[PDB]
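Below: start-v1.txt (compact mmCIF, C-alpha atoms)
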```txt
# COMPACT_ATOMS: atom_id res chain seq x y z
CA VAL Q 1 -55.79 -25.21 53.05
CA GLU Q 2 -52.98 -22.59 53.78
CA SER Q 3 -50.66 -24.76 51.59
CA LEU Q 4 -49.69 -21.82 49.20
CA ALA Q 5 -45.95 -22.28 50.07
CA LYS Q 6 -46.30 -24.88 47.25
CA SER Q 7 -43.58 -25.88 44.76
CA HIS Q 8 -43.83 -24.04 41.42
CA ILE Q 9 -45.49 -25.78 38.45
CA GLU Q 10 -43.68 -25.88 35.12
CA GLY Q 11 -46.46 -26.74 32.71
CA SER Q 12 -49.69 -25.70 30.96
CA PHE Q 13 -52.87 -24.52 32.64
CA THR Q 14 -56.35 -24.38 31.03
CA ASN Q 15 -59.17 -22.10 32.41
CA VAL Q 16 -56.70 -19.19 32.63
CA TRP Q 17 -57.49 -15.49 32.74
CA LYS Q 18 -55.50 -12.27 32.43
CA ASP Q 19 -55.74 -9.61 35.16
CA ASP Q 20 -56.80 -6.37 33.40
CA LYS Q 21 -54.48 -4.28 35.63
CA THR Q 22 -51.19 -6.22 35.87
CA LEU Q 23 -51.71 -8.06 32.60
CA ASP Q 24 -50.42 -11.24 34.20
CA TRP Q 25 -51.99 -14.59 33.58
CA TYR Q 26 -53.63 -16.66 36.32
CA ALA Q 27 -55.20 -20.09 37.05
CA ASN Q 28 -56.84 -22.11 39.85
CA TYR Q 29 -55.49 -25.58 40.66
CA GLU Q 30 -55.64 -27.78 43.79
CA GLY Q 31 -57.48 -24.91 45.53
CA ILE Q 32 -54.54 -22.52 44.90
CA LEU Q 33 -54.22 -19.33 42.77
CA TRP Q 34 -51.14 -19.37 40.51
CA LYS Q 35 -49.31 -16.56 38.65
CA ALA Q 36 -47.69 -17.36 35.28
CA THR Q 37 -43.93 -16.53 35.54
CA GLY Q 38 -40.77 -17.24 33.52
CA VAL Q 39 -41.31 -17.51 29.76
CA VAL Q 40 -45.10 -17.47 29.38
CA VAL Q 41 -46.52 -19.19 26.27
CA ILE Q 42 -50.24 -18.70 25.38
CA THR Q 43 -52.47 -20.28 22.70
CA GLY Q 44 -53.95 -18.04 20.02
CA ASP Q 45 -57.39 -18.38 21.73
CA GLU Q 46 -55.93 -17.83 25.30
CA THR Q 47 -57.59 -21.05 26.53
CA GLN Q 48 -54.19 -22.34 27.73
CA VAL Q 49 -51.00 -20.83 29.22
CA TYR Q 50 -47.61 -22.50 29.64
CA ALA Q 51 -45.25 -21.00 32.27
CA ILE Q 52 -43.46 -21.49 35.63
CA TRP Q 53 -46.68 -21.23 37.68
CA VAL Q 54 -45.91 -19.65 41.07
CA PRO Q 55 -48.54 -20.09 43.88
CA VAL Q 56 -49.75 -16.57 44.86
CA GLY Q 57 -52.76 -17.41 47.09
CA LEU Q 58 -56.00 -19.41 47.56
CA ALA Q 59 -58.09 -20.19 44.43
CA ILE Q 60 -60.94 -17.90 43.28
CA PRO Q 61 -63.56 -19.75 41.09
CA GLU Q 62 -65.40 -16.48 40.10
CA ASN Q 63 -62.46 -14.95 38.07
CA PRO Q 64 -62.10 -29.61 25.34
CA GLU Q 65 -60.24 -32.97 24.85
CA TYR Q 66 -56.38 -32.87 25.18
CA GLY Q 67 -53.51 -34.65 23.44
CA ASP Q 68 -50.01 -35.51 24.70
CA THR Q 69 -48.00 -33.57 22.05
CA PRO Q 70 -46.82 -29.90 22.04
CA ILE Q 71 -49.41 -27.40 20.69
CA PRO Q 72 -48.43 -24.11 18.91
CA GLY Q 73 -48.59 -20.82 20.75
CA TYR Q 74 -46.84 -17.53 21.38
CA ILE Q 75 -44.45 -16.07 23.82
CA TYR Q 76 -46.53 -13.59 25.74
CA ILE Q 77 -44.97 -10.18 26.31
CA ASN Q 78 -46.13 -8.84 29.61
CA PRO Q 79 -45.86 -5.11 28.62
CA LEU Q 80 -45.46 -4.20 32.33
CA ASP Q 81 -42.40 -6.42 33.07
CA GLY Q 82 -39.97 -3.59 34.01
CA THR Q 83 -37.13 -4.61 31.63
CA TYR Q 84 -37.27 -1.10 29.99
CA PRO Q 85 -38.48 1.15 32.91
CA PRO Q 86 -40.01 4.52 31.92
CA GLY Q 87 -38.75 7.82 33.40
CA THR Q 88 -35.11 6.62 33.18
CA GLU Q 89 -32.05 7.45 30.96
CA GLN Q 90 -32.78 4.18 28.97
CA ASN Q 91 -36.54 4.89 28.68
CA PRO Q 92 -37.23 8.67 28.76
CA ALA Q 93 -41.05 8.05 28.44
CA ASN Q 94 -43.24 9.73 31.08
CA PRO Q 95 -43.51 7.00 33.80
CA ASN Q 96 -47.01 8.09 34.93
CA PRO Q 97 -50.26 6.35 33.90
CA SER Q 98 -53.07 8.54 32.46
CA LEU Q 99 -56.85 8.26 33.09
CA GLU Q 100 -58.55 8.64 29.75
CA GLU Q 101 -62.21 9.79 29.75
CA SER Q 102 -62.72 7.71 26.52
CA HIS Q 103 -60.41 5.24 24.82
CA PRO Q 104 -57.71 7.12 22.85
CA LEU Q 105 -57.92 6.81 19.06
CA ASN Q 106 -55.72 4.64 16.79
CA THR Q 107 -54.87 2.04 19.49
CA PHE Q 108 -53.92 -1.54 18.48
CA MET Q 109 -54.35 -5.08 19.80
CA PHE Q 110 -51.38 -7.33 20.50
CA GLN Q 111 -51.80 -10.62 22.43
CA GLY Q 112 -55.18 -9.29 23.63
CA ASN Q 113 -53.49 -6.17 25.07
CA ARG Q 114 -54.47 -2.65 23.88
CA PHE Q 115 -51.60 -0.34 22.92
CA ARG Q 116 -51.34 3.34 22.00
CA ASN Q 117 -48.25 4.59 20.16
CA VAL Q 118 -47.65 8.39 20.39
CA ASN Q 119 -44.46 9.06 18.31
CA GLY Q 120 -42.48 6.03 19.63
CA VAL Q 121 -43.97 6.14 23.19
CA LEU Q 122 -46.02 3.06 24.00
CA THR Q 123 -48.75 2.93 26.64
CA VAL Q 124 -50.98 -0.08 27.42
CA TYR Q 125 -54.64 -0.30 28.48
CA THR Q 126 -54.51 -1.36 32.14
CA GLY Q 127 -58.25 -1.48 32.90
CA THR Q 128 -60.93 0.95 34.13
CA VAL Q 129 -60.55 3.13 37.24
CA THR Q 130 -63.71 4.65 38.86
CA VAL Q 131 -62.83 8.12 40.10
CA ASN Q 132 -65.43 10.43 41.64
CA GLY Q 133 -68.28 8.54 39.94
CA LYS Q 134 -67.20 7.72 36.42
CA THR Q 135 -65.45 5.20 34.25
CA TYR Q 136 -61.99 6.22 33.25
CA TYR Q 137 -59.62 4.15 31.11
CA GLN Q 138 -56.12 3.76 32.46
CA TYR Q 139 -53.19 3.74 30.00
CA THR Q 140 -49.89 2.75 31.68
CA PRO Q 141 -46.44 3.29 30.04
CA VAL Q 142 -44.99 0.09 28.47
CA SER Q 143 -41.93 -1.09 30.50
CA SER Q 144 -41.22 -4.20 28.32
CA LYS Q 145 -37.97 -4.19 26.28
CA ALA Q 146 -39.24 -7.12 24.10
CA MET Q 147 -42.36 -5.01 23.29
CA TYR Q 148 -40.29 -1.95 22.23
CA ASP Q 149 -37.91 -4.30 20.32
CA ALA Q 150 -40.88 -5.67 18.31
CA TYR Q 151 -42.02 -2.09 17.72
CA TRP Q 152 -38.50 -0.80 16.74
CA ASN Q 153 -37.91 -3.82 14.48
CA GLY Q 154 -41.15 -2.86 12.62
CA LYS Q 155 -43.40 -5.68 13.83
CA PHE Q 156 -46.33 -3.21 14.23
CA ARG Q 157 -45.79 -0.99 11.11
CA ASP Q 158 -49.20 -2.25 9.94
CA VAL Q 159 -51.07 -1.04 13.11
CA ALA Q 160 -48.91 1.43 15.18
CA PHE Q 161 -48.76 4.45 12.86
CA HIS Q 162 -52.40 5.29 12.18
CA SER Q 163 -53.87 8.75 12.59
CA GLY Q 164 -57.42 9.98 12.05
CA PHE Q 165 -60.72 9.32 13.80
CA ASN Q 166 -60.41 5.56 14.35
CA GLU Q 167 -61.97 4.59 17.67
CA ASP Q 168 -61.91 0.79 17.35
CA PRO Q 169 -58.56 -0.92 17.82
CA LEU Q 170 -56.85 -2.51 14.93
CA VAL Q 171 -55.43 -5.96 15.36
CA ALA Q 172 -51.80 -6.65 14.73
CA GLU Q 173 -50.63 -9.27 12.22
CA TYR Q 174 -47.71 -10.18 14.59
CA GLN Q 175 -48.93 -12.03 17.66
CA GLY Q 176 -45.56 -12.90 19.21
CA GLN Q 177 -42.58 -15.24 18.82
CA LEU Q 178 -43.82 -18.75 18.06
CA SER Q 179 -43.45 -21.42 20.79
CA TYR Q 180 -45.12 -24.58 22.01
CA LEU Q 181 -47.14 -25.50 25.05
CA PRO Q 182 -46.60 -29.02 26.47
CA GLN Q 183 -49.77 -31.15 26.55
CA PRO Q 184 -52.09 -32.09 28.29
CA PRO Q 185 -52.56 -29.22 30.82
CA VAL Q 186 -51.60 -30.10 34.44
CA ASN Q 187 -55.08 -28.88 35.62
CA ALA Q 188 -57.17 -30.76 32.97
CA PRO Q 189 -60.51 -32.02 34.51
```

Show me the file's structure as structure tokens.
Amino acid sequence: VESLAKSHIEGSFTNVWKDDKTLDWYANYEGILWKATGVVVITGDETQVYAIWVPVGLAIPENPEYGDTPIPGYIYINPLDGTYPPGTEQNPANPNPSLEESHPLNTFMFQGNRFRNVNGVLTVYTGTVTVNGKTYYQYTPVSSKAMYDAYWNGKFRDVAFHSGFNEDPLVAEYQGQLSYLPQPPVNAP
């Protein structure tokens, strides 16, 4: 079963999930765990992901009728891709993640990711982190150029500039650049 030196898969996978820390997408196929690389295209409902699936390890099972034509979707922006690294000349943003005791206010949802904008500085919700007995909420600086480009080009003007006591995240109108996922998924049962 140690066959994870497998050839990459360029295609769509169903039964995907996103890791709450790395914000990468994942799928189990042929008893192998795959990481979605290259240009990653996801359906609006996140049931399917199209990418260059790289084998990263052995499958974990704990973590629909299909056509043969391309289905609409969105180019997923992994906001932790490193194309615009924080704490650099290019990106002067503080490069350190914070541990919030509660979710910060006025955050927004984009591609199922939770973002906080503090005067042009973007941070992303990268899961909970239990520290000395309690649930903290980690917010990691955004290192994606495509994310900042969407922001700068006003693709979040509707959700990124709110102030006031607004605990629940708003949901952005813009959900990414439109693309297509080839069908059916490679791992269809």

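Straight-line separation from CA of residue 44 in chain Q to CA of residue 175 in chain Q: 8.2 Å.
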
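Among Q:25, Q:165, Q:156, Q:74, the residue with the shortest atom-to-atom distance to residue 43 in chain Q, counting all atoms listed in the file, is Q:74.
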
What's the 8 Å shell around residue 9 in chain Q, counting only C-alpha atoms, without same-chain residues fewer than 5 positions away, as a VMD selection string? chain Q and resid 51 to 54

Fewer than 4 positions away in the same chain doesn't count, so skip those; otherwise give me all residues within 7 Å of residue 137 in chain Q, counting all atoms listed in the file, as JSON, numbers by chain. {"Q": [99, 100, 101, 102, 103, 127, 128, 129]}

From CA of residue 149 in chain Q to CA of residue 123 in chain Q the spacing works out at 14.5 Å

Within 7 Å of residue 78 in chain Q, counting all atoms listed in the file, which residues qualify if same-chain residues fewer than 4 places away don't, as a ChimeraX atom specification? /Q:23-24,144

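In this model, the gap between CA of residue 93 in chain Q and CA of residue 143 in chain Q comes to 9.4 Å.
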
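Proximity to residue 158 in chain Q at 8 Å, evaluated using only C-alpha atoms and with sequence-adjacent residues fewer than 3 positions away removed, yields residues 155, 161, 172 and 173 of chain Q.
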
Which residue is closest to residue 40 in chain Q? Choose from Q:58, Q:178, Q:118, Q:160 and count all atoms listed in the file. Q:178

Rank Q:31, Q:73, Q:87, Q:184 by their smallest atom-to-atom distance to residue 61 in chain Q, using only C-alpha atoms, and report the top residue only. Q:31

Using only C-alpha atoms, find all polymer residues with an atom at most 10 Å away from the point (-54.3, 1.4, 36.0); report them as a PyMOL selection string. chain Q and resi 20-22+96-99+124-129+136-140

Polymer residues at most 8 Å from residue 86 in chain Q, only C-alpha atoms, same-chain spacing of 4 or more positions, as a short mmCIF file (atom, residue, chain, number, x, y, z; two decimals) with C-alpha atoms, keeping the file's coordinate frame:
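Contents of the output file selection.cif:
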```cif
data_model
loop_
_atom_site.label_atom_id
_atom_site.label_comp_id
_atom_site.auth_asym_id
_atom_site.auth_seq_id
_atom_site.Cartn_x
_atom_site.Cartn_y
_atom_site.Cartn_z
CA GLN Q 90 -32.78 4.18 28.97
CA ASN Q 91 -36.54 4.89 28.68
CA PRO Q 92 -37.23 8.67 28.76
CA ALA Q 93 -41.05 8.05 28.44
CA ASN Q 94 -43.24 9.73 31.08
CA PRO Q 95 -43.51 7.00 33.80
CA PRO Q 141 -46.44 3.29 30.04
CA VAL Q 142 -44.99 0.09 28.47
CA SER Q 143 -41.93 -1.09 30.50
#
```

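Nearest to residue 64 in chain Q of all the residues Q:157, Q:174, Q:134, Q:185 is Q:185, based on all atoms listed in the file.
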
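Distance check against residue 62 in chain Q using only C-alpha atoms: of Q:105, Q:188, Q:1, Q:33, the minimum falls on Q:33.
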
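If only C-alpha atoms are the atoms counted, then among Q:154, Q:133, Q:164, Q:182 the closest residue to residue 67 in chain Q is Q:182.
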